[PDB]
Amino acid sequence: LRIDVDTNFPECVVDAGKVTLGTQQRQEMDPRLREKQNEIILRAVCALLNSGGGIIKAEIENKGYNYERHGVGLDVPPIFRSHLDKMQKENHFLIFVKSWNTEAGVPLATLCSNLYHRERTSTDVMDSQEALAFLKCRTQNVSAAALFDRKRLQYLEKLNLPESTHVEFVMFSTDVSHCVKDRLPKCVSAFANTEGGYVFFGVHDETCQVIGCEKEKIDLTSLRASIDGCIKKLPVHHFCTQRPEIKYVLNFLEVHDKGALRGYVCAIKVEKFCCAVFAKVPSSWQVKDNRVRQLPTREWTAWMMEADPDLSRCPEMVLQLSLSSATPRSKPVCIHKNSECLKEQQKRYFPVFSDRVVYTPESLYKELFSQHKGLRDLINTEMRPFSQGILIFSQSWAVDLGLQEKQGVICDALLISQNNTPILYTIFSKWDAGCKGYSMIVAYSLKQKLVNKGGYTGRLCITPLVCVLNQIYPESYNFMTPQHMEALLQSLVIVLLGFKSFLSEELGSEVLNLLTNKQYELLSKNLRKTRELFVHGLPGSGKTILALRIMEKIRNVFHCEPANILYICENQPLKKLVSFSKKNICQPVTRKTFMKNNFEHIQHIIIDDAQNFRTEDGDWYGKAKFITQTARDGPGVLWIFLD
Ligand SMILES: [Zn+2]
Numbered sequence: 003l004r005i006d007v008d009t010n011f012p013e014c015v016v017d018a019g020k021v022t023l024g025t026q027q028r029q030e031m032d033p034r035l036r037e038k039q040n041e042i043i044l045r046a047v048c049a050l051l052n053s054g055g056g057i058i059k060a061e062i063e064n065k066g067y068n069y070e071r072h073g074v075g076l077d078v079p080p081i082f083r084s085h086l087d088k089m090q091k092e093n094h095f096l097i098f099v100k101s102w103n104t105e106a107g108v109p110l111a112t113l114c115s116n117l118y119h120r121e122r123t124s125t126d127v128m129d130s131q132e133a134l135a136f137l138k139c140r141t142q169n170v171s172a173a174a175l176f177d178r179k180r181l182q183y184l185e186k187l188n189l190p191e192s193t194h195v196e197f198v199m200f201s202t203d204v205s206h207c208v209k210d211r212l213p214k215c216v217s218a219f220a221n222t223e224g225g226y227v228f229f230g231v232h233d234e235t236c237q238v239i240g241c242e243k244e245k246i247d248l249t250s251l252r253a254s255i256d257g258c259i260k261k262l263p264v265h266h267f268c269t270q271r272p273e274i275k276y277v278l279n280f281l282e283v284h285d286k287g288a289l290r291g292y293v294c295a296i297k298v299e300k301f302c303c304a305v306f307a308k309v310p311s312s313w314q315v316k317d318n319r320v321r322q323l324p325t326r327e328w329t330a331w332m333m334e335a336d337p338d339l340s341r342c343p344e345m346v347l348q349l350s351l352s353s354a355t356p357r358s359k360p361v362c363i364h365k366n367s368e369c370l371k372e373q374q375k376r377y378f379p380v381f382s383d384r385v386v387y388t389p390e391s392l393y394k395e396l397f398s399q400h401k402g403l404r405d406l407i408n409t410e411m412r413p414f415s416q417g418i419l420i421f422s423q424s425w426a427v428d429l430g431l432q433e434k435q436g437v438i439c440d441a442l443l444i445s446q447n448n449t450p451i452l453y454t455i456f457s458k459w460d461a462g463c464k465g466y467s468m469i470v471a472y473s474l475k476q477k478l479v480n481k482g483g484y485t486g487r488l489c490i491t492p493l494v495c496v497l498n512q513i514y515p516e517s518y519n520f521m522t523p524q525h526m527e528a529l530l531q532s533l534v535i536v537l538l539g540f541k542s543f544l545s546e547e548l549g550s551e552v553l554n555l556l557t558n559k560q561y562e563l564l565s566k567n568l569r570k571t572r573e574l575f576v577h578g579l580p581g582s583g584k585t586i587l588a589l590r591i592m593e594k595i596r597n598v599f600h601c602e603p604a605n606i607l608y609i610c611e612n613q614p615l616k617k618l619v620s621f622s623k624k625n626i627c628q629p630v631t632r633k634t635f636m637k638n639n640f641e642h643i644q645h646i647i648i649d650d651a652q653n654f655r656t657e658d659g660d661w662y663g664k665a666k667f668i669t670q671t672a673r674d675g676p677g678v679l680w681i682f683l684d
């Protein structure tokens, strides 16, 4: 497996190698290879069901395959069929995967939980719903023993002990060691998860007759060694404090025949473990570092129980995107009770009514049309066929996500239109070799933010097109309702207004929040048009929540470095919260070290709460305006979040 963005689709094109398709062709080939390819494809599907959906290519080995005649041939878990959409190109099978929709409670998509469990007679793996319930419940035999201590066991002595919740008979295979190592994780996991029961290797399970193995190949020493190894190597988890170890006991019940010993019956007694025990790491995957990565048992078990954090501590908050109706990688979104919900923000920033085609930014489309001549003609030409939708403009859409603005890009237009794929229009003053690259990367990052961060469950593709002002998805991906583009815009409001809140990242895992109208206004303002601004006093964290994003914008637009964005803030909690952040935004230095040091290379400066600047320290405004105006490249930006 790998991850390829080189494909025309602006998505996560997992290259799953070459498969051999066709049901009959599946039946008439190597079953080992069939299972290998099926497992690889399901690996890729489980990877894309978490990461945010994408594509799976496959170089078909079958010459003359046809998706209408020969079928597919893939054996797929039943829950992994509501998401896959298959397709064929002349020599490439494609499988388009949407998100996971956190359907039926389970947060992430799992192939198999590998949390075995023993029912009345059989050891079955807990499905994802059972495993989630089982973790949620652990977080919040005298007769078989008498048999266990028995010394003499004669051949074919029919045991009075029947298979039950606490016993299990497993006959010996050809290789006793290989078979016991293959079966021990299973039964040990089963017993530890359940009330805890014994297991006897070497005795038939239905007739319950002592058989054992021949002594010529078995060695009790190496057997016990391998058993304790493969029993302590089991990936376990622990919701408790002591963190004990798997407390088992092993015994070799003797085996006699006509008064002559001929083998043993490996009797293993596993006690009820206080925490979950796996047979190996869960078979769940994701796409990380642009490759496939198996979620670690600790992260798997802390993700399956990543319930929406209890907002009972702060009864003033209100939840708006629960993780029970979102994607795997989404986070909840709480808003103050008085601040507007997600629905009002959607209907205010991106209205939807089918009588015409409107523009989300009236002032951005207007100023762009009053400045550039011909932009109005190009937009009215491209926007002519579509009758219902909304065209949204942004001085450069790559910046509103977090990417890096390019040179020679007039503006970016996204059109949300029902009954057709949403279309991204990127308008260039001049054609070059970066048109396609920039458009595809902006569209790909936009879809990723809409799915992962925004939490869009249904199918979503953003079609990128470039126009110099001077592929094909299946029918499923084409919108079909006016009640799903409403979901797309309720997710876009989150993508363009969501920030990782600081108030509640102590209240749980992590909880996003929504900027007000004034903060998004002051953020959307063009920097290359306004390199100097004095902001009215912002109540509460106004300036901080805004500055932490204005600095990312400053780094992206001006191609500046984090080391050239000075952040002059006084309060020490602000200093630690901004500096010790993992993203390395700026250099928070107080007013004292501001005027007690020389900044030779600082280009952009953002000041916080100039109301506390003492005059005896020095006339800060002159020095600041000097160091910005005389910056290395051009007049630097100067934002003073005074009150
Ligand atoms: Zn424990």
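Per the entry's author numbering: the sequence shown = residues 3 to 142, 169 to 498, 512 to 684. Ideal Cβ positions, reconstructed from N, Cα and C, are used throughout, including at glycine.
Between which two residues does the beta strand (DSSP E) holding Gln-399 run?
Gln-399 -> not in any beta strand (DSSP E); alpha helix (DSSP H) instead, spanning 390-399.
6 Å CB neighbourhood of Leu-248 in its chain, flanking five on each side removed
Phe-280
Please go through the same chain and pick out, in chain order, the residues whose beta-carbon is closer than 8 Å to the beta-carbon of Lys-186, but skip the five residues on each side of it.
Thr-235, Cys-236, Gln-237
So what's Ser-254 in DSSP terms, helix, strand or just coil?
helix
Can you give me the C-alpha to C-alpha distance between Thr-112 and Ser-192, rounded to a whole angstrom?
29 Å
Counting along the chain, where does the beta strand (DSSP E) carrying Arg-321 start and finish?
319-322
To the nearest whole angstrom, what separates the beta carbons of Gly-677 and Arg-572, a pair I think is in contact under 8 Å?
7 Å
Take the Cβ of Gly-54 as the centre, count every other Cβ of all protein chains shown within 10 Å, and call the residue buried at 16 or more, exposed below.
buried
According to DSSP, is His-94 helix, strand or coil?
strand
Does the beta-carbon of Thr-585 have 16 or more other beta-carbons within 10 angstroms, so that it is buried, or is it exposed?
buried
CA nearest to the CA of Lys-91, picked from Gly-66, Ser-101, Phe-82
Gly-66
Using the beta-carbon of each residue, find all residues closer than 5 Å to any heavy atom of ligand 1 and list them in chain order.
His-266, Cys-268, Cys-302, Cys-303
I'd like to know whether the C-beta atoms of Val-361 and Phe-301 end up nearer to each other than 9 Å.
no
Under 9 Å between the Cβ atoms of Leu-488 and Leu-452?
no
Taking the continuous alpha helix (DSSP H) assigned at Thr-631, which residues delimit it?
Counting along the chain, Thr-631 falls outside any alpha helix (DSSP H), and DSSP gives it neither H nor E.
Taking the straight line between their C-alpha atoms, what separation do you get for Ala-253 and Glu-223?
26 Å
Give the list of continuous beta strand (DSSP E) stretches no shorter than 3 residues that lie fully inside the stretch 536-618.
539-541, 553-555, 573-575, 606-609
Please work out which residues of its chain come closer than 8 Å, Cβ to Cβ, to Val-16, disregarding the five sequence neighbours upstream and downstream, and give them in chain order.
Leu-3, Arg-4, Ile-5, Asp-6, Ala-46, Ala-49, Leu-50, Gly-56, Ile-57, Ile-58, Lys-59, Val-315, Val-320
Contacts around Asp-460, its chain only, beta-carbon distance under 8 Å, and the 5 residues preceding and following it disregarded
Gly-436
N- and C-terminal bounds of the beta strand (DSSP E) containing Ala-174:
That residue, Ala-174, is in no beta strand (DSSP E); its alpha helix (DSSP H) goes 170-177.
From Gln-26, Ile-455, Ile-246, residue whose alpha carbon lies closest to that of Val-496
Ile-455
In three-state terms, what does DSSP make of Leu-533?
helix
What distance in whole Å lies between the Cβ atoms of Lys-365 and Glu-344, which are believed to be in contact at a cut-off of 8 Å?
6 Å
According to DSSP, is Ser-473 helix, strand or coil?
helix
Segment limits, beta strand (DSSP E) that includes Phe-219
Premise fails: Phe-219 lies in the alpha helix (DSSP H), 204-221, not in any beta strand (DSSP E).
Taking Cβ positions, are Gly-462 and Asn-597 nearer each other than 9 Å?
no
Which value, in whole angstroms, describes the spacing of the CA atoms of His-525 and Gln-531?
10 Å
Could you tell me which of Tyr-183, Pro-80, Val-216 sits nearest to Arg-120, measuring between CA atoms?
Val-216
Would the stretch 20-38 count as touching the stretch 328-346 if we require 3 or more Cβ pairs under 8 Å?
no
Taking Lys-594 and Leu-564 to be in contact with their CB atoms under 8 Å, please state how far apart those CB atoms are, rounded to whole angstroms.
7 Å
Just list the residues that DSSP pairs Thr-125 with in beta bridges.
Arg-120
Ordered along the chain, which non-local residues of its own chain (more than five positions away) have a Cβ less than 8 Å from that of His-284?
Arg-180, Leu-181, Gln-182, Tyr-183, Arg-290
Three or more beta-carbon pairs under 8 Å between the stretch 98-116 and the stretch 73-90, yes or no?
yes
Cα-Cα separation between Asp-210 and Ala-307, rounded to whole angstroms
10 Å
Return the residue from the list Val-231, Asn-188, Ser-352 that minimises the CA-CA distance to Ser-201.
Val-231
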